[PDB]
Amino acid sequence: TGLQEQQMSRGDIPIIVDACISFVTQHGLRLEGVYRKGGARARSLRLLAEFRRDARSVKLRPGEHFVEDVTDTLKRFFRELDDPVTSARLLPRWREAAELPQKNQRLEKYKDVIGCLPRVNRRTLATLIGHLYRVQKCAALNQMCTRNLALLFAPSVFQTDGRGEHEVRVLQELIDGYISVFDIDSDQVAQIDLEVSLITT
């Protein structure tokens, strides 16, 4: 049930993160309320168990699998990790970073804290943030702004279950600051802006 124990895609993140994120990228970015809390608890329970049985052999299909079940499965994967993808050990460091006065100093300090993560946590987190960055860029269609996403994901990502104001801020700022925090070059920036333009026009 540990992050490093998962079956890994060729990008070296867990198959389950890759498959759920890729499914939503293909079929969910225009849907209003994507990632909002709804659906059948039982169905994301069964889907998470199928990913745990053998992640490579799970094929998410637009007929069998509902978007909201896949989004709930992705959140539940992060909630049930033995160690939150943001490390439990590092939570005091995250909060100290969130309390710094200027935005740009907070972003540099987030990169410091991210460098304290094992590589697989860094890569998993980078994929998630980059995905939510695209979600919020498509908000004219799906109505999901950065703040909405941060509120929905912070409990699962940090495993604080809503208690702490800081975790919401960090996520909001990781997502808005995705390009700088994760060192995305301007070629990739342009490819993302074009892909979003295709999605929202």
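Numbers for residues come from their place in the sequence shown, where the first is 1.
J.: Mean Cα B factor from the PDB record: higher for 80 to 88, or higher for 115 to 123?
T.: Per the deposited B-factors, the answer is 80 to 88.
J.: Name the higher of the two by mean Cα B-factor in the PDB entry, 169 to 177 versus 38 to 46.
T.: Per the PDB record, 38 to 46.
J.: Going by the entry, which of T146, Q26, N142, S156 has the most elevated CA B factor?
T.: The record points to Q26.
J.: Taking the entry's C-alpha B-factors for this chain, is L74 in the lowest, middle or highest third?
T.: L74: CA B-factor falls in the highest third of its chain.
J.: Name the third of the chain's ranked CA B-factors that contains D193, choosing lowest, middle or highest.
T.: It belongs to the lowest third of the chain when residues are ordered by C-alpha B-factor.
J.: Lowest, middle or highest third of the chain for the C-alpha temperature factor of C138?
T.: Lowest third of the chain for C138's C-alpha B-factor.
J.: Sorting the chain's CA B-factors, does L60 end up in the lowest, middle or highest third?
T.: Ranked within chain, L60 CA B lands in the highest tercile.
J.: Classify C20 as lowest, middle or highest third according to the C-alpha B-factor given in the PDB entry, relative to its own chain.
T.: For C20, the deposited C-alpha B-factor lands in the highest third.
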